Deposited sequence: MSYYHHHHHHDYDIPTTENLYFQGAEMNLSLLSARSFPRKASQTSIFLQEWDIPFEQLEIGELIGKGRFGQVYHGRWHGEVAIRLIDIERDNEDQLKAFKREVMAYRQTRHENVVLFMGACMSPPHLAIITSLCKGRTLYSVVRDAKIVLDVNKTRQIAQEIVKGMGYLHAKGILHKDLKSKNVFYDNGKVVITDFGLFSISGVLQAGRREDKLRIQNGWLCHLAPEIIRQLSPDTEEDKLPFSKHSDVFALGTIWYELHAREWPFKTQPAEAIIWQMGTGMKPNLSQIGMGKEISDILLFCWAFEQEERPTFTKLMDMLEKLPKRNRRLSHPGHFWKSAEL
């Protein structure tokens, strides 16, 4: 029923809380000092024992993680109703912002390199039986070659879906969801109960591979309902409209494969990205 910060392998004396880093749908995310840190303050119902040991469920799984492509989970003190998840602070910019700045060149060699980094980290999380469930370019950080995944596992305890028989759909969420997930979104959908999987995470990587080369999300033109139906029945773009070769386009056909068992694991995907020009 309680998590203390003395329970962690990172010796902790004091924790300073600075300015808000940015807006976001899941709690608030402040600058902090410990070394410099990133603090995410989440609030929970006072007496929802289910949500809580299901949070505790998650965090000490994270206590076993350390990998150069995965943000360093540092600690999580929990004196309900106020929670906190404390991780290393990322220098540099998010992949979302880098992709959408015209002053940065993103040649085919660089995009292969960024993608292999994300894959290595995702393979580590998968190897430890941890699903990301929200892999996307706002959750990847890029500082002159250094690439770091963040926010893995949070989506289960997130509550970002929460109107009357109306599901709230953020821009760019849907085009990451593999078809098995899209086909059951409903106004009763709970983040706890969607069928995420290792295969769903590979799909979400595919969306990032599209985004690295087109420098925008797929289905940019289209409204949410059109995206749901188009992705549910298996319709997907290629990148020949911008002169990308076959190899780059084949990556998508594998990652976005309609039947899950046809998409590669991250280990196989790591090989496929090696054999590019």
Compared with the full deposited sequence, the modelled chain skips 1-43, 78, 207-209, 325-342
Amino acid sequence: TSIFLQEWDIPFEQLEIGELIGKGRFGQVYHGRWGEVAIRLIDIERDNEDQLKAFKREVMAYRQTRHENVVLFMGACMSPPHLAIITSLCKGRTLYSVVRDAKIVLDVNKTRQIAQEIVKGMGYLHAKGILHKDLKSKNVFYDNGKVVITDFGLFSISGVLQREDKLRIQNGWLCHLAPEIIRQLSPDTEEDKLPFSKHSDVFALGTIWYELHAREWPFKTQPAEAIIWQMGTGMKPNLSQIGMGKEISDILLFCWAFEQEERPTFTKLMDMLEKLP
From here on, numbers count along this sequence of modelled residues.
Determine, among the other compared PDB entries that model residues flanking residue 163, whether at least a third leave it unmodelled.
yes
According to the deposited model, is the average Cα temperature factor higher in 81-89 or in 173-181?
81-89
Average Cα temperature factor in the PDB entry - higher stretch of 247-255, 46-54:
46-54
Among the candidates 159, 121, 129, 206, give the one with the maximum CA B-factor reported in the record.
159
Specify which of 201, 165, 117, 151 carries the largest Cα B factor in the deposited PDB entry.
165
Please rank the C-alpha B-factors of the chain's modelled residues and tell me whether residue 193 sits in the lowest, middle or highest third.
highest
With respect to C-alpha B-factor, does residue 136 fall in the lowest, middle or highest third of the chain as deposited?
lowest
Chain thirds of CA B-factor: placement of residue 60:
highest
Among the modelled residues of this chain, does the Cα B factor of residue 76 put it in the lowest, middle or highest third?
highest
Just say lowest, middle or highest third for the CA B-factor of residue 106 relative to the other modelled residues in its chain.
middle
